[PDB]
Each structure stands twice: as structure tokens, then as C-alpha cells.
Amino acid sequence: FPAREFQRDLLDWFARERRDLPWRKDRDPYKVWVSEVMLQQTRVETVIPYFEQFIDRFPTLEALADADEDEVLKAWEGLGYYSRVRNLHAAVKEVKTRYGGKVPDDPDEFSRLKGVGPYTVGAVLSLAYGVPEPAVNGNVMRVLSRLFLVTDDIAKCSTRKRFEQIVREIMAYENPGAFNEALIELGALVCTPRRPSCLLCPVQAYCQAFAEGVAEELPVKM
């Protein structure tokens, strides 16, 4: 696989098209983390004002850690999935109490926190700390399944481990955050669930699904 050329085309596209979303204002692991939790459950159009309101109320990890659960829930109200904010709240309290108030940059340690799974670990650590971990969410699974014609069920850990291995092989190690962000952004804007915009895709020349005319059949979910 011509990974360097792929990285060039993907990252050049990302340089031009990257959305100036609120959670991209800085690289605070706390803020990235909050935005990833919101985006896991809610459309970007709705997350935008909730994120700003949430971070206004709780600007830093310690601010959230120290807030009463009532205040946290009030800030979440309208987003639903309240157990997921309760878990975030417990996790940042644990960060304050056992991890010096700093999000661990060890994927293993960060993963032990309540609610924190492989994707959240990869997103937060690569975006905020530049740790070369894969950040494979639904968007990335769709992009990789198409590029590499992966027809395995994406609900399976074996399939996700394969996607993880692909990212580790093709990642731009000089900027893992940008690389991971770019794959997610491509999935959001171009390589969409239905009718992907293949004709204006920056990595079309690399894509096996486009070449075979089966992009809309991918990814495979049982």
C-alpha cells in the first residue's frame, strides 16, 4: 500500500477542508474527551451548542470533577443517555484523585476509567497528546472497509482489530492526531453512509470499493 502518498493526499485535503468546530479551538485532552462523548450519541449540529454551554460551565477537568452531579446533569439535559455523563463525571473524579488531574497518556491506564473504551482512548490521546494510537469509530470503519474492501462484520472485535492494524500500518506517524482526525472528517463529509462523494474524494485513487463499484454495500454489519 502506498501509504506515504495516501497520507499526503488525505492530509492535504484535511488542511483545506477541516471544519473549525468548537472542540478544535485547542488540544485540551479534557475538552476533546467531552466532545467525543457528546458526539458518540448526538449529531454535530446539536453538539455544537451543548459543548459550548458545557465547557462554559465546566472549563477544565477539575471544574467538572468538583461539580455536584445535579449541576452536571443539568448541563447535559436534552442530550439524553444520562448514564454516559454520570460515567464521564466518575471518570474525571478518578483522574483528579488517582492521576494527578491529568488525563493519562498511557492508553492502558486511560482505558480503565469508567465508560472509556478503545475509540475514546485513541481519539483523546492522539488528538491531544499525539500518541500514535488508532481512533476507530463508525466513521473510520466505514472509510477503511471501503478503501480496503473489508467485508467482515464490524460488530466483531476481530474485525475491529483488523481496522486497528490497518491504521497502525498506514498512519502518518509525524502527526497521528491530524491523521486520525482526517479519517474521521472524511467519513463525516465525503465517505458518507449513503451516496458517498467518491467523485470529489481526495483518496479515490487508493479505494478498492470505488474501483469495484461496491462502496454503498460497505461496511458489513450483521
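Numbers for residues come from their place in the sequence shown, where the first is 1.
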| item | value |
| --- | --- |
| Mean C-alpha B-factor comparison - 85 to 93 and 118 to 126, higher one | 85 to 93 |
| Segment of higher mean CA temperature factor, 94 to 102 or 147 to 155 | 94 to 102 |
| C-alpha B-factor winner, where the candidates are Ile170, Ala63, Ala182, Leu189 | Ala63 |
| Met38 by Cα B-factor - lowest, middle or highest third of the modelled chain | lowest |
| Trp23, C-alpha B-factor rank within chain (lowest, middle or highest third) | lowest |
| Where the record places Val131 (Cα B-factor, split into thirds across the chain) | middle |
| Modelled-residue ranking by C-alpha temperature factor, third containing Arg162 | middle |
| Chain third (lowest, middle, highest) by recorded CA B-factor, residue given as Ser197 | lowest |
